[PDB]
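Reproduced below: coords-v6.txt, with compact mmCIF, C-alpha atoms.
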```txt
# COMPACT_ATOMS: atom_id res chain seq x y z
CA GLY N 31 174.58 35.02 90.09
CA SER N 32 174.60 33.11 86.80
CA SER N 33 176.06 29.77 85.73
CA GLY N 34 176.60 28.90 89.37
CA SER N 35 177.63 31.71 91.70
CA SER N 36 176.93 29.45 94.68
CA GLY N 37 180.28 28.59 96.25
CA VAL N 38 183.66 27.07 95.46
CA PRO N 39 184.25 25.74 91.92
CA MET N 40 184.66 22.04 91.13
CA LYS N 41 187.25 20.49 88.83
CA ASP N 42 187.91 17.01 87.44
CA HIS N 43 189.83 14.30 89.30
CA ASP N 44 192.05 13.92 86.24
CA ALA N 45 192.02 17.58 85.21
CA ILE N 46 195.03 19.30 83.65
CA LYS N 47 196.67 22.64 84.45
CA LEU N 48 197.67 24.30 81.18
CA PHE N 49 200.42 26.92 81.10
CA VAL N 50 200.71 29.81 78.64
CA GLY N 51 204.01 31.50 77.83
CA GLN N 52 202.89 34.00 75.21
CA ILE N 53 201.22 36.70 77.31
CA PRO N 54 202.30 40.26 76.42
CA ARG N 55 202.18 43.33 78.66
CA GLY N 56 198.98 45.30 79.17
CA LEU N 57 196.50 42.44 79.34
CA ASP N 58 195.12 40.38 82.22
CA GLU N 59 193.12 37.27 83.12
CA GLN N 60 190.09 39.30 82.03
CA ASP N 61 191.50 39.48 78.50
CA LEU N 62 192.47 35.80 78.41
CA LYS N 63 189.22 34.41 79.80
CA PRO N 64 187.37 35.44 76.61
CA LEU N 65 189.55 33.18 74.46
CA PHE N 66 189.76 30.34 76.98
CA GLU N 67 185.98 30.64 77.30
CA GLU N 68 185.71 29.77 73.61
CA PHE N 69 186.44 26.12 74.40
CA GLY N 70 184.68 25.77 77.74
CA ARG N 71 184.28 27.01 81.31
CA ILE N 72 187.50 27.90 83.11
CA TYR N 73 188.28 26.65 86.61
CA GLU N 74 191.20 28.89 87.57
CA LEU N 75 193.34 31.55 85.89
CA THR N 76 196.41 33.07 87.53
CA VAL N 77 198.99 35.38 85.95
CA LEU N 78 202.68 35.02 86.77
CA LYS N 79 204.38 38.28 87.75
CA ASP N 80 207.90 39.06 88.99
CA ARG N 81 208.57 39.86 92.64
CA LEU N 82 211.47 42.29 93.02
CA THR N 83 209.89 44.46 90.33
CA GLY N 84 206.43 42.92 90.00
CA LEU N 85 206.39 43.47 86.25
CA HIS N 86 204.28 41.00 84.26
CA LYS N 87 206.78 38.26 83.45
CA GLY N 88 204.77 37.19 80.42
CA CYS N 89 203.03 33.96 81.40
CA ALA N 90 200.03 32.57 83.29
CA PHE N 91 198.53 29.29 84.50
CA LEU N 92 195.16 28.23 83.09
CA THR N 93 193.07 25.41 84.55
CA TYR N 94 190.00 23.73 83.05
CA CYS N 95 187.13 22.20 85.01
CA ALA N 96 187.07 19.34 82.50
CA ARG N 97 189.82 17.24 80.93
CA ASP N 98 188.75 17.59 77.30
CA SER N 99 188.39 21.36 77.68
CA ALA N 100 192.16 21.44 78.16
CA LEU N 101 192.92 19.05 75.30
CA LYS N 102 190.94 21.20 72.87
CA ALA N 103 191.96 24.66 74.08
CA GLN N 104 195.48 23.23 74.20
CA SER N 105 195.73 21.71 70.73
CA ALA N 106 193.36 24.45 69.58
CA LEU N 107 195.46 27.39 70.78
CA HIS N 108 198.96 25.89 70.95
CA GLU N 109 200.62 27.45 67.91
CA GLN N 110 197.21 28.36 66.49
CA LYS N 111 196.30 31.83 67.75
CA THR N 112 198.39 35.01 67.65
CA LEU N 113 197.78 37.51 70.44
CA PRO N 114 197.98 41.23 69.56
CA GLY N 115 201.58 42.40 69.79
CA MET N 116 203.12 38.94 69.62
CA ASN N 117 204.97 38.14 66.39
CA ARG N 118 204.75 34.48 67.40
CA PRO N 119 201.64 32.41 68.26
CA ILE N 120 200.47 31.47 71.75
CA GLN N 121 202.17 28.50 73.42
CA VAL N 122 200.03 26.37 75.73
CA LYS N 123 201.15 23.10 77.30
CA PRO N 124 199.83 20.81 80.07
CA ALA N 125 201.87 22.17 82.99
CA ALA N 126 202.67 18.80 84.56
CA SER N 127 205.35 16.12 84.86
CA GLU N 128 207.76 18.62 83.30
CA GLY N 129 210.82 16.78 84.60
CA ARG N 130 210.24 13.77 82.35
CA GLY N 131 208.34 14.30 79.12
CA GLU N 132 208.16 11.76 76.31
CA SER N 133 207.08 12.87 72.83
CA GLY N 134 207.79 12.22 69.16
CA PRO N 135 206.84 13.53 65.70
CA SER N 136 204.72 11.64 63.17
CA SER N 137 204.09 11.85 59.42
CA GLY N 138 200.68 12.48 57.90
```

Represent the structure contained in this file as structure tokens.
Amino acid sequence: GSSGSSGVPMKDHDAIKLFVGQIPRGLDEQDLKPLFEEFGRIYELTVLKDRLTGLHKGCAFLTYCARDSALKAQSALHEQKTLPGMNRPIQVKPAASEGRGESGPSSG
């Protein structure tokens, strides 16, 4: 066991669960960890798959043990990287308080 391998993982009290909606078909959490591991250590990675059919819907939930880790990987991947087979870049947002979300553009 390396980098831990003791028991259950520990996250931050103010952590953030990021959500990706640019996951093609044929890959898995094992192919996403590599990239997410470029910013820091992951806490949890689950892929969303249909039920009736069970076919990879095309999205997954990524969680970071630290707050910053998310901020970086988020603003570092969000419309920055382009997975293989995806004409468009990868979309990653802080899966939280979706109901009400305030945001606005800014020059510069």

So, with all atoms listed in the file as the atoms that count, which of N:52, N:83, N:127, N:99 lies closest to residue N:112?
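Ranked by minimum distance to residue N:112, first place goes to N:52.
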
Using all atoms listed in the file, which residues sit within 8 Å of residue N:77 once same-chain residues fewer than 2 positions away are excluded, as an NGL selection string?
:N and (58-59 or 75 or 79 or 86 or 89-91)

Counting all atoms listed in the file, which of N:70, N:115, N:31, N:124 gets nearest to residue N:47?
N:124

Is there a way to get, as number ranges by chain, all residues within 10 Å of the point (186.2, 28.1, 87.0) in file coordinates, counting all atoms listed in the file?
N: 34, 38-41, 70-75, 92-96

Long-range neighbours of residue N:101 as a PDB file with C-alpha atoms, in the frame of the given file, 9 Å cut-off, only C-alpha atoms, 4 positions minimum in chain:
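Here's the written file around-v3.pdb:
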```
ATOM      1  CA  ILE N  46     195.030  19.300  83.650  1.00  0.00           C
ATOM      2  CA  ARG N  97     189.820  17.240  80.930  1.00  0.00           C
ATOM      3  CA  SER N 105     195.730  21.710  70.730  1.00  0.00           C
ATOM      4  CA  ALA N 106     193.360  24.450  69.580  1.00  0.00           C
ATOM      5  CA  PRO N 124     199.830  20.810  80.070  1.00  0.00           C
TER       6      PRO N 124
END
```

Write stretch 88-115 of chain N as a compact mmCIF listing (two decimals), in the frame of the given file, completed to N, CA and C atoms.
```txt
# COMPACT_ATOMS: atom_id res chain seq x y z
N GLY N 88 205.19 37.54 81.76
CA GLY N 88 204.77 37.19 80.42
C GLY N 88 204.26 35.77 80.32
N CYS N 89 203.57 35.32 81.37
CA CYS N 89 203.03 33.96 81.40
C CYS N 89 201.93 33.84 82.46
N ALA N 90 201.12 32.80 82.35
CA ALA N 90 200.03 32.57 83.29
C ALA N 90 199.60 31.11 83.28
N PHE N 91 198.99 30.67 84.38
CA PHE N 91 198.53 29.29 84.50
C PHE N 91 197.02 29.21 84.33
N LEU N 92 196.58 28.40 83.36
CA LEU N 92 195.16 28.23 83.09
C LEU N 92 194.71 26.82 83.42
N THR N 93 193.61 26.71 84.16
CA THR N 93 193.07 25.41 84.55
C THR N 93 191.64 25.23 84.04
N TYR N 94 191.33 24.03 83.57
CA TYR N 94 190.00 23.73 83.05
C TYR N 94 189.25 22.79 83.99
N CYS N 95 187.95 23.03 84.15
CA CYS N 95 187.13 22.20 85.01
C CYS N 95 187.02 20.78 84.47
N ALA N 96 187.15 20.64 83.15
CA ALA N 96 187.07 19.34 82.50
C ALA N 96 188.38 18.99 81.80
N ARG N 97 188.60 17.70 81.59
CA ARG N 97 189.82 17.24 80.93
C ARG N 97 189.84 17.67 79.47
N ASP N 98 188.84 17.25 78.71
CA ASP N 98 188.75 17.59 77.30
C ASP N 98 189.00 19.08 77.09
N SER N 99 188.25 19.91 77.80
CA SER N 99 188.39 21.36 77.68
C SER N 99 189.85 21.75 77.47
N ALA N 100 190.73 21.16 78.27
CA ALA N 100 192.16 21.44 78.16
C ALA N 100 192.73 20.93 76.85
N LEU N 101 192.44 19.67 76.53
CA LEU N 101 192.92 19.05 75.30
C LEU N 101 192.62 19.94 74.10
N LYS N 102 191.36 20.35 73.97
CA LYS N 102 190.94 21.20 72.87
C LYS N 102 191.66 22.54 72.91
N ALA N 103 191.34 23.35 73.92
CA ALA N 103 191.96 24.66 74.08
C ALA N 103 193.47 24.57 73.91
N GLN N 104 194.04 23.44 74.31
CA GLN N 104 195.48 23.23 74.20
C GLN N 104 195.90 23.05 72.75
N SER N 105 195.40 22.00 72.12
CA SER N 105 195.73 21.71 70.73
C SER N 105 194.97 22.65 69.79
N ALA N 106 194.14 23.50 70.36
CA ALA N 106 193.36 24.45 69.58
C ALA N 106 194.00 25.84 69.60
N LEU N 107 194.79 26.10 70.64
CA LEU N 107 195.46 27.39 70.78
C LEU N 107 196.96 27.24 70.57
N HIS N 108 197.53 26.15 71.08
CA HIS N 108 198.96 25.89 70.95
C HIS N 108 199.41 26.08 69.50
N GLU N 109 200.13 27.16 69.25
CA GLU N 109 200.62 27.45 67.91
C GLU N 109 199.47 27.56 66.91
N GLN N 110 198.38 28.19 67.34
CA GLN N 110 197.21 28.36 66.49
C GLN N 110 196.76 29.81 66.47
N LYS N 111 196.71 30.44 67.64
CA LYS N 111 196.30 31.83 67.75
C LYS N 111 197.51 32.75 67.87
N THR N 112 197.32 34.03 67.57
CA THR N 112 198.39 35.01 67.65
C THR N 112 197.93 36.28 68.35
N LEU N 113 198.17 36.35 69.65
CA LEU N 113 197.78 37.51 70.44
C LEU N 113 198.29 38.80 69.81
N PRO N 114 197.61 39.92 70.10
CA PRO N 114 197.98 41.23 69.56
C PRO N 114 199.28 41.75 70.16
N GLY N 115 200.30 41.91 69.32
CA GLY N 115 201.58 42.40 69.79
C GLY N 115 202.61 41.30 69.91
```
